[PDB]
There are 4 protein chains.
Amino acid sequence: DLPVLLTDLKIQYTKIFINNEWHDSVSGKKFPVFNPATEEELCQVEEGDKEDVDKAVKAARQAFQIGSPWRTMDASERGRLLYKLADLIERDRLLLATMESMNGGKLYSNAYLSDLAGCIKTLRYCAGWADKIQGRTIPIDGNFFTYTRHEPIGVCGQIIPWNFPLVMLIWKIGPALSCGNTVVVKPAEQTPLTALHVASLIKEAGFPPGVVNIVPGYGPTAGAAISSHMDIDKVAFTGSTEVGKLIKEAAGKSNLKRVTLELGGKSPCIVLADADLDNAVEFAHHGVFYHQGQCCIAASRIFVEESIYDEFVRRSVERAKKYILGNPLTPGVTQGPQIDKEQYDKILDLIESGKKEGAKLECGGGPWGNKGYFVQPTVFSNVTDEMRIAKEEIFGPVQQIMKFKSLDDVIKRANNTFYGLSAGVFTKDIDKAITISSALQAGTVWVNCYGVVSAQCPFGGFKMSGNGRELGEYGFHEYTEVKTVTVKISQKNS
Amino acid sequence: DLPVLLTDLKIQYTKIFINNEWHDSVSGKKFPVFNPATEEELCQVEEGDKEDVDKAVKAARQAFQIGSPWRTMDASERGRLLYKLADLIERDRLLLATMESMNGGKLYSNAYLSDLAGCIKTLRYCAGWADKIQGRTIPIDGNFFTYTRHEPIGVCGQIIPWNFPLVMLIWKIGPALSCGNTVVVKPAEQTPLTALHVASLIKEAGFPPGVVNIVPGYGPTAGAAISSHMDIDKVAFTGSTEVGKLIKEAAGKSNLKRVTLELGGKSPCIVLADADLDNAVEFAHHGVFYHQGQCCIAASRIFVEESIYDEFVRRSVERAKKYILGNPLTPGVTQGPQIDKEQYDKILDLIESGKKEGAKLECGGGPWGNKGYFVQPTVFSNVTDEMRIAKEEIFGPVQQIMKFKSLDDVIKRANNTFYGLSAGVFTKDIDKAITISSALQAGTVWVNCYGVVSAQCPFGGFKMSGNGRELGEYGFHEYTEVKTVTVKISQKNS
Amino acid sequence: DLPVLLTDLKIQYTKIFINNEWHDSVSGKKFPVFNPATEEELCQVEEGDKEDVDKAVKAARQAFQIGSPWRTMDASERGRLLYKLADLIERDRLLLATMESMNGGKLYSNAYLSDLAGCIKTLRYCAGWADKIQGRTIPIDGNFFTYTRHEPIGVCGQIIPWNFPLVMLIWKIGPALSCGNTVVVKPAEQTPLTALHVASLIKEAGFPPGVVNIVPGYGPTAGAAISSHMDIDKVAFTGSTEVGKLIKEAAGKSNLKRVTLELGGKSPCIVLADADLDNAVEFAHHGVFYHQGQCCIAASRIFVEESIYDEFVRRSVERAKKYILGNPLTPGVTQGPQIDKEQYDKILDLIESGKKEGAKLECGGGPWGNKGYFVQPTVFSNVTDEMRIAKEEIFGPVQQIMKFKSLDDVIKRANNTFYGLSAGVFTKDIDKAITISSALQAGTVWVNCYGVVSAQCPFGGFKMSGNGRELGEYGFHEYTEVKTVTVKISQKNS
Amino acid sequence: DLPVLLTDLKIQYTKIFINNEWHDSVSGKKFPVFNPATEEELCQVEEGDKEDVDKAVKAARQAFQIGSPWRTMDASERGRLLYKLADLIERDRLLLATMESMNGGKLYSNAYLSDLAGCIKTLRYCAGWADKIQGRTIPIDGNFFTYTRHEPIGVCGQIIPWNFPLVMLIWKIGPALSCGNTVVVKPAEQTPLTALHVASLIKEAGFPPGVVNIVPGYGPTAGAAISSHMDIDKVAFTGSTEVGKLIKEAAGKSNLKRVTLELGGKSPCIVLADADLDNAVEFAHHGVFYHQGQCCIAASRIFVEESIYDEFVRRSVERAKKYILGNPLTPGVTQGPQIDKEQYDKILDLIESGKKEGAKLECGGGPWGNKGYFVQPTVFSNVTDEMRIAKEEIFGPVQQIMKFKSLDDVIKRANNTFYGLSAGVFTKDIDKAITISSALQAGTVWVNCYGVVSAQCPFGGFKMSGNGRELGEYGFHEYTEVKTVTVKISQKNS
Ligand SMILES: NC(=O)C1=CN([C@@H]2O[C@H](COP(=O)(O)OP(=O)(O)OC[C@H]3O[C@@H](n4cnc5c(N)ncnc54)[C@H](O)[C@@H]3O)[C@@H](O)[C@H]2O)C=CC1
């Protein structure tokens, strides 16, 4: 029972954002934006392509020039702007929470309580680091005085998905701006609206023109323009592994720009006999079914000891049947829609393979409703390692429960995947928890919990689930360029 | 592989060490050094007093002068000397292990396998840090370029006890020399010999004269001279809390020199129901009975759940009766003597109080042998909080086993002490281990183990068990002085 | 031309602050507070003694209990309260700036532009660190999992002077509270008012009761109670070296509490031939004459090359004669009064010694006015090393200008002092600047500037000018206690 | 006058190195290795291709398995092996110095004094970090205990050039092995011999089989196999920018392996009026002409103030004419040959363009000798920005001297390049040095020096001169994978 927007929501910002002003698309074309729940068109946004990006890049490069406000400005002041921006987002919390819920098909409660809270907390965390990005002074051999500067890199192209459009945005700009970089953000073609509102707040907060630029458009057009641009120093991507390979490839052909990928995963869970079953069942459920299972950190594969396998499956099903599919703005709705028809069809396709390959359908396993892209909360059991649903990322409300007996084997089964974004370990024994977590090849390992991401902790992936960390102290290292200054002196003294 | 010294050991270095040369005592007086096992006199060492210290200090200050070899020398090279010294100690491992065992009354096996191994590992660890003590460059407000230098402090007075004369020495000089400090070491009046041999190796390794100086003597004479000296920048102490208060007091009256104390403790152990009893019993036993219980980290108070109290007491006693008291140079002797008659009498005094105050004597509880200061391995049970043996540090082979029922209470009972050097937690549950360890007010908390100190981990104490950390990354911070250099510039750029 | 307080200032908070509520003095006695300019009594504040401290300590200890709001509260939230407090101070900026100016005898412009700005910036800096105080995970030898927690120490007694009552307060509480400590602050007997107003803002900001406690009183009474208290874990002092020695001494006799001193200095300046004389003259002037030269970082001794000695003296005098002594609230007044009659008499005493010992009085050199403790801006030249004015800290508007010829000599002359809080180097040559700054034994060395302190840079002193750093990353290390948790595991893997 | 090898050098190790044993090429084919000075064939080495790499990778992966010696082994012990290896290289210093000089066409004195010294120093530096690669413990929001492990990545493919075959090798394996990675090294097709000898020392030092593997072969064959291999986690490259783009591209198509590039540069020098001309001339000369100008950090473009332009050119020429081209093993020879005919022709081609495009040839400008690939030390003056010799990397003994007048302009001219590996600033003014160095877009900036690389300082490049740092504290961050372990607890306490 949360406060809803008193007025009716009325979209305003639907244009390209360069030098803290609203540009039209160079082509003049505009793409539509729909509510995934109602399939209704909300508005049309300016369709950005290369020409638009080239403008944004030249604005960002100009803003990054030596002697510009952004470079000369105090580190403390950069954080002050980030902290003001957080306050502006907190002010327009109902507006954004509503807009995110409509556009992203995201439960309003989650949108208000998780996403908007996450944006504020993270921005404020990032504000803190601004004037705490310190270099080093090295006691080098010889009569020399050596010191390093953790400078900003420069123009950073930043590509975000549709699953958490706001949170994902702050994860990009927050660290980047804190370190003193200028950014060219390309939001998803599905979910540009939320980001564009923030662009207005960035102007209002008083960020120098060109520091933040936002170019809404399609992936192959605008996104490719960023990945291959010759004056972009870094690219930051979050999306399918398929595209991540094109981003890194296009970065190689262009100007060897720096790369941070945050790709999807088939994140496994291991539930040993000695485990709080309710804890494990609830967190594993939340892990895989959060935001219609449209999380990179989805608890896809859930390995369970034989002794407690049947009991786990029993509880996981009854929990999954207590969902009410409908409009995310509607109070009482506990599950929302998929983003678009592409995911909808993909998820249903993998659900069919689960049946065809002969996994036991415990519940769900089909679409819901005439209107909207709604998928029933599905649960598969007796799943094998060589099934499509136990290999490919689903990115929908589908849970796979699998049994094990040997601890050594299940760890190797869990690690047997090109992905490795996260994992979950559920046990009371310390030795087990520490050793298992050390063995698992995951970027973030949760013990007796799941999906616990915060601003302070660094979040990334092993193998083909990422190419860098995004948060915490270590996340800031990848938005800086380390210059080494070695000065000759007459005599050195320790 | 326990090789014993083929030849009979013959002492050589028994003199004051200043400017890498052997001085006599200014007074001319000499104190004796006995074997605690046989009570035989080994030799007489030069008795250092203030005049001797004043010489050592002026040598150290000279060696620390701006432009001296030690200051100009590369950071890498300081580590190279430390690493060479470790190799020299490894060469003379049998010589030192034998000498330590004779002088310190220390089991030869432990002396060879623990102490000598510890000296080498630590020196080599400290060598590594030499050229990795880096400062910072601050992104300060205004048009300024700020940077910090983690310089050495200067002349560091270093006072060591008798329990681990070698290991304690390396813990002082290793970090100190790595950071580029000069040291004036005062070894214990009981155990100077081991340290003096190392002094020869420090010369052989090619340390500049004056960098390391060693002044063997008595505590109130030489030790007080160090604590109150007007040209000593830092003092590093390890001994009784009684004296620690005099060191800090004398530092206040003199020149506000920096202080790091490493005092004794009444370190408790908490053994919950869900614990590997054999693991707990063995580590708790080792904790309290290691080196005749002459460790600062002795498991004095051992709290046990009611359910497993009697069983724990049963196993702790049978383990304690399997000791063979005798000469520590005999390899199948499993327990050695106390250092001197002072400790011997003190330990017996506290054992009497245990009986008088009405604690149950399970085994031991009396002296052993005609010759040597040997105390029987004693075990008390049904011990209360307001007993002398449950409050005062014994520093002898005496174990106190106590029962609890409430987890919240025993934690407060454990913390209810002015000491707080270490603690021990024995449980299988993670939540318990983490929470209990967080609650306990101890410098080092061991989970399902005890007495596990290494070079990499920082070791110190809460409350009146210490005033600083000595090892690891953090231990080096206390042998450095941070200079801040702020340079005015025309224009700043991030 | 600054905004002045529209209303007339009316004091309100004049009582002891414990558990976020206003207590009376246990004795019932009250000490007066005067305006140093007019010698008028402003009000009377409750006089705190031991009984009052013992209350405050028990409130702080209660607030630091395991499970209390302050301990359980998120690190991010501790910073949020600190950031709110900064906003509250920014709101009541005119109120505090006026109150500080009246009570402290501080130029309103400086009070508003420097002090109040400094309080906000520092609090906001300290807010940032709250959730960025990270421990370590050590790759220790053996099958163990080691990690460290940078916990808060606990109850921290904090003693502040009268020169910058607000700024000095924030330098204490800011880092302390950020790390999660509870504080018992004792403000100066001269300048309690400013601190007490902030106490109201600390309540308003919503800090848990007992976290911050303020006990105004006299030094030997309340201050001694803190220094020797048996339940205070740390003491933080800033004042005379005389008392610093009593603080450390009383800490030794009590409970070996941790100590950070920030004492006075005889901070020297070295001005080489190749220097922007106007830059050097202006900064050296500002250095020694800021806030009536009542700074710990006062440019007492100013060494100048022979070639430019006479020219420097000439310009330093004409600058010093352009001061208008009067009420600091009066517009146009460029210099204010000394804090009390004690300093007034001390400063005049040292001015007499300058004449008696035969230093050339260039200007000033006497008192001013019938009312108020005003000293004329004095300048001495042809000053020698063995003069009282070239040794003892004056803490008044008196400048000593001295000549040199050898660079090596003047460095040794500069270092020839028990003090070493700061220094100043004025040259165009890099080699010179770096080498000289490396040679000087000062906590903060300014190059072609002076008195440039910020929140980001760590500020302390060498030798008898301090016992720790207060700001920056390193300043926070001294408000934390490092717990080491070593967990036994079955098998370790890198 | 250095000690030369007493015996005649006789090659032994000329085979593929997998699991610490000598394999033949799967194909059976062998490529020759020539002395660039004499053009004589030294020997034939086994020609590695994919099949050989696939073997090496599977050996490395096996050695990296959880529970293997390399993973379980103590961090301290990994450094001990690295330190032993350094000692073995120091023992075989004359052997390697001679072999490097013969194979690499490298001045014996430089080979012995620089390269072999560099290998030892760096290995020993890297040994130090082994047990000092610490993670963090985050004070995360919520009741959780978060900690990070800086684990090794895994199998690291490492590709080295021919210019400094030994030093470049240690820069790869040293950090990699210290962090606990297994490596598959591919040495240059020109210079495999030196690396293979070290492989014998790696066995002798007692590194577990499979930890280090070396596969000599051609770039497009073996190198491409590494860059596109599906079980290689990281690739580390050092060579032409041309190939760097293929490495990153092949990494995108394969398994999104991590990438660190260390490409060439057109590193500029800026010499202001106020500069020690002899210092500038000597360092700028050394910078561009070191090892026949076959350094990535070559001082290609040398900008000089108008006032001192002619004088600089005058001194730079007379210095360049004092070179004696011949066999690098011959005493008195001051310049050696280029590596192969490819570089030889390329360098001569660019020298022709210098004449054709109308740059003033001051000296040299043509080949030397009938035998060997010797190029005359060439100097161009009156060089413009749009010349081939002022844009393309030459990688030969050719110096370009250019004039400026505006400081602002020359900085933009210096930064106007896709390269940015290093730079050089020569001035006495501090403000100038700091500001200019801050403005320049170079990975390493030298002030009043050039080519001063050490193990402690991190070395890399901006823009298209690199994709990471290789040395110092920061260099180790790129041979680690950060796992985040978040544990749910009942109650959190700070
Ligand atoms: N760095 C500085 O601020 C310098 C201090 N002074 C001032 O000169 C006066 C000399 O009187 P002192 O009693 O020496 O003051 P002090 O030097 O200790 O003054 C600093 C503050 O410490 C506290 N304090 C004073 N005496 C104390 C004691 N015995 N134990 C614990 N805390 C104590 C009081 O709150 C006082 O305002 C003070 O007003 C002092 O502030 C003189 C020279 C330099």
# chains A, B, ... in the order shown; residues from 1 in each chain; ligands from 1
call {"tool": "residues_near_ligand", "arguments": {"ligand": "ligand 1", "cutoff": "8 Å", "atoms": "only C-alpha atoms and all ligand atoms", "output": "VMD selection string"}}
result
chain C and resid 159 to 163 186 to 191 216 to 227 237 to 244 246 to 247 262 to 265 294 to 296 342 to 343 393 to 395
call {"tool": "interface_residues", "arguments": {"of": "chain C", "to": "chain B", "cutoff": "7 Å", "atoms": "only C-alpha atoms", "output": "PyMOL selection string"}}
result
chain C and resi 66+138+140-141+233+245-246+248-249+252-253+255-256+258+439+442-449+454+456-458+463-464+467+482-488
call {"tool": "write_last_selection", "arguments": {"atoms": "C-alpha atoms", "output": "compact mmCIF listing (two decimals), in the first residue's frame"}}
result
# COMPACT_ATOMS: atom_id res chain seq x y z
CA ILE C 66 26.15 -4.36 20.20
CA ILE C 138 44.50 -11.86 3.40
CA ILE C 140 47.35 -16.31 4.54
CA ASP C 141 49.58 -19.40 4.73
CA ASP C 233 38.78 3.92 24.40
CA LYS C 245 52.12 15.48 27.49
CA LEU C 246 49.60 15.32 30.36
CA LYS C 248 49.34 10.95 26.96
CA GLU C 249 50.60 10.53 30.54
CA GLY C 252 49.10 5.61 30.33
CA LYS C 253 47.96 5.54 33.97
CA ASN C 255 43.40 2.33 30.44
CA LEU C 256 46.03 2.74 27.69
CA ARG C 258 44.44 5.53 22.01
CA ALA C 439 64.28 16.99 3.69
CA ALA C 442 57.08 18.76 8.67
CA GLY C 443 53.66 17.08 8.57
CA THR C 444 52.44 19.34 5.74
CA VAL C 445 54.79 21.12 3.31
CA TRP C 446 53.44 23.88 1.06
CA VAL C 447 55.23 24.76 -2.19
CA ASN C 448 54.73 28.35 -3.41
CA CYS C 449 51.80 28.65 -0.98
CA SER C 454 41.48 20.88 2.88
CA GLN C 456 40.85 15.52 1.39
CA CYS C 457 44.48 15.97 2.50
CA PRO C 458 45.75 14.32 5.74
CA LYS C 463 57.97 15.08 16.34
CA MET C 464 56.26 17.07 19.13
CA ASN C 467 50.76 11.99 17.33
CA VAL C 482 41.19 -3.68 13.10
CA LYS C 483 39.78 -7.11 13.98
CA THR C 484 41.33 -10.13 12.23
CA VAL C 485 39.07 -13.15 11.66
CA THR C 486 40.87 -16.35 10.62
CA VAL C 487 38.58 -19.25 9.69
CA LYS C 488 39.80 -22.84 9.38
call {"tool": "residues_around", "arguments": {"residues": "region 378-380 of chain A", "least_positions_apart": "5", "cutoff": "6 Å", "atoms": "only C-alpha atoms", "output": "list in words"}}
result
residues 360, 361, 362, 363, 364, 365, 398, 399 and 400 of chain A
call {"tool": "select_by_dssp", "arguments": {"residues": "region 399-463 of chain B", "states": "alpha helix (DSSP H)", "output": "CSV table (one decimal) with N, CA and C atoms, in the first residue's frame"}}
result
chain,number,residue,atom,x,y,z
B,407,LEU,N,23.9,-17.8,25.0
B,407,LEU,CA,25.0,-17.4,24.1
B,407,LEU,C,25.2,-15.9,24.3
B,408,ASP,N,24.2,-15.1,24.5
B,408,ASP,CA,24.3,-13.7,24.7
B,408,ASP,C,25.1,-13.3,25.9
B,409,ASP,N,24.9,-14.1,27.0
B,409,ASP,CA,25.5,-13.9,28.3
B,409,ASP,C,27.0,-14.2,28.2
B,410,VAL,N,27.4,-15.3,27.6
B,410,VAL,CA,28.8,-15.8,27.6
B,410,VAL,C,29.6,-14.8,26.8
B,411,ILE,N,29.0,-14.2,25.7
B,411,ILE,CA,29.7,-13.2,24.9
B,411,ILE,C,30.1,-12.0,25.8
B,412,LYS,N,29.1,-11.6,26.7
B,412,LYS,CA,29.3,-10.4,27.5
B,412,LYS,C,30.3,-10.8,28.7
B,413,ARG,N,30.3,-12.1,29.1
B,413,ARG,CA,31.3,-12.6,30.0
B,413,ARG,C,32.7,-12.6,29.4
B,414,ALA,N,32.8,-13.0,28.2
B,414,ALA,CA,34.0,-13.0,27.4
B,414,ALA,C,34.6,-11.6,27.3
B,415,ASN,N,33.7,-10.6,27.0
B,415,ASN,CA,34.1,-9.3,26.7
B,415,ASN,C,34.4,-8.5,28.0
B,430,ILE,N,27.3,-20.7,10.3
B,430,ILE,CA,28.0,-19.5,9.7
B,430,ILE,C,27.5,-18.3,10.5
B,431,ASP,N,26.2,-18.1,10.5
B,431,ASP,CA,25.6,-17.0,11.2
B,431,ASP,C,26.2,-16.8,12.6
B,432,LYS,N,26.3,-17.9,13.3
B,432,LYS,CA,26.8,-17.8,14.7
B,432,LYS,C,28.3,-17.3,14.6
B,433,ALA,N,29.1,-18.0,13.8
B,433,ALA,CA,30.5,-17.7,13.7
B,433,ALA,C,30.8,-16.2,13.5
B,434,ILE,N,30.1,-15.7,12.4
B,434,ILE,CA,30.3,-14.3,12.0
B,434,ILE,C,29.8,-13.3,13.0
B,435,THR,N,28.6,-13.6,13.6
B,435,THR,CA,28.0,-12.6,14.5
B,435,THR,C,28.8,-12.6,15.8
B,436,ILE,N,29.1,-13.8,16.4
B,436,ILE,CA,29.9,-14.0,17.6
B,436,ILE,C,31.2,-13.3,17.5
B,437,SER,N,31.9,-13.5,16.4
B,437,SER,CA,33.2,-12.9,16.1
B,437,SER,C,33.1,-11.4,16.0
B,438,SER,N,32.0,-10.9,15.5
B,438,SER,CA,31.8,-9.5,15.4
B,438,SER,C,31.6,-8.9,16.7
B,439,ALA,N,30.9,-9.6,17.6
B,439,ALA,CA,30.5,-9.2,19.0
B,439,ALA,C,31.7,-9.1,19.9
call {"tool": "residues_around", "arguments": {"residues": "region 79-86 of chain C", "least_positions_apart": "5", "cutoff": "6 Å", "atoms": "only C-alpha atoms", "output": "VMD selection string"}}
result
chain C and resid 120 123 to 124 127 130 205
call {"tool": "write_last_selection", "arguments": {"atoms": "N, CA, C and O atoms", "output": "PDB file, in the first residue's frame"}}
result
ATOM      1  N   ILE C 120      31.147  22.514   6.419  1.00  0.00           N
ATOM      2  CA  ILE C 120      30.231  21.869   5.492  1.00  0.00           C
ATOM      3  C   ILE C 120      31.007  20.896   4.603  1.00  0.00           C
ATOM      4  O   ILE C 120      30.646  19.723   4.511  1.00  0.00           O
ATOM      5  N   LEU C 123      32.335  17.814   6.669  1.00  0.00           N
ATOM      6  CA  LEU C 123      31.251  16.915   7.035  1.00  0.00           C
ATOM      7  C   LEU C 123      30.823  16.081   5.828  1.00  0.00           C
ATOM      8  O   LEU C 123      30.611  14.874   5.951  1.00  0.00           O
ATOM      9  N   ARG C 124      30.698  16.743   4.671  1.00  0.00           N
ATOM     10  CA  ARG C 124      30.249  16.099   3.446  1.00  0.00           C
ATOM     11  C   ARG C 124      31.317  15.133   2.932  1.00  0.00           C
ATOM     12  O   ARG C 124      30.987  14.079   2.387  1.00  0.00           O
ATOM     13  N   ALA C 127      31.041  12.179   5.291  1.00  0.00           N
ATOM     14  CA  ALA C 127      29.856  11.414   4.939  1.00  0.00           C
ATOM     15  C   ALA C 127      30.205  10.364   3.885  1.00  0.00           C
ATOM     16  O   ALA C 127      29.749   9.225   3.971  1.00  0.00           O
ATOM     17  N   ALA C 130      31.920   6.994   5.003  1.00  0.00           N
ATOM     18  CA  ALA C 130      31.131   6.137   5.879  1.00  0.00           C
ATOM     19  C   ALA C 130      31.056   4.701   5.356  1.00  0.00           C
ATOM     20  O   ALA C 130      31.433   3.764   6.062  1.00  0.00           O
ATOM     21  N   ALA C 205      19.020  16.428  13.217  1.00  0.00           N
ATOM     22  CA  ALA C 205      19.422  15.571  12.110  1.00  0.00           C
ATOM     23  C   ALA C 205      18.983  14.126  12.352  1.00  0.00           C
ATOM     24  O   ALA C 205      18.841  13.354  11.402  1.00  0.00           O
TER      25      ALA C 205
END
call {"tool": "atom_distance", "arguments": {"atom1": "CA of residue 288 (chain A)", "atom2": "CA of residue 429 (chain A)"}}
result
24.4 Å
call {"tool": "atom_distance", "arguments": {"atom1": "CA of residue 325 (chain C)", "atom2": "CA of residue 166 (chain C)"}}
result
23.3 Å
call {"tool": "residues_around", "arguments": {"residues": "residue 21 (chain D)", "least_positions_apart": "2", "cutoff": "9 Å", "atoms": "only C-alpha atoms", "output": "NGL selection string"}}
result
:D and (16-19 or 23 or 200 or 203 or 209)
call {"tool": "residues_around", "arguments": {"residues": "residue 117 (chain D)", "least_positions_apart": "4", "cutoff": "10 Å", "atoms": "only C-alpha atoms", "output": "list in words"}}
result
residues 86, 89, 90, 93, 97, 110, 111, 112, 113, 121, 122 and 167 of chain D
call {"tool": "write_last_selection", "arguments": {"atoms": "C-alpha atoms", "output": "PDB file, in the first residue's frame"}}
result
ATOM      1  CA  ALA D  86      65.369 -14.756 -10.330  1.00  0.00           C
ATOM      2  CA  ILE D  89      68.641 -16.143 -13.995  1.00  0.00           C
ATOM      3  CA  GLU D  90      71.273 -14.206 -12.021  1.00  0.00           C
ATOM      4  CA  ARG D  93      73.425 -14.061 -16.388  1.00  0.00           C
ATOM      5  CA  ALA D  97      73.196 -11.800 -21.762  1.00  0.00           C
ATOM      6  CA  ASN D 110      72.998  -3.143 -22.366  1.00  0.00           C
ATOM      7  CA  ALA D 111      71.909  -6.803 -22.443  1.00  0.00           C
ATOM      8  CA  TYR D 112      73.947  -7.553 -19.304  1.00  0.00           C
ATOM      9  CA  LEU D 113      73.448  -4.283 -17.397  1.00  0.00           C
ATOM     10  CA  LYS D 121      64.542  -6.861 -10.252  1.00  0.00           C
ATOM     11  CA  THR D 122      61.082  -7.403 -11.761  1.00  0.00           C
ATOM     12  CA  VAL D 167      62.389  -8.312 -20.129  1.00  0.00           C
TER      13      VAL D 167
END
call {"tool": "residues_around", "arguments": {"residues": "region 302-314 of chain C", "least_positions_apart": "2", "cutoff": "9 Å", "atoms": "only C-alpha atoms", "output": "ChimeraX atom specification"}}
result
/C:267-273,277-278,280-281,284,299-300,316-319,362,379-381,399-407,410,414,424
call {"tool": "atom_distance", "arguments": {"atom1": "CA of residue 27 (chain B)", "atom2": "CA of residue 235 (chain B)"}}
result
24.3 Å
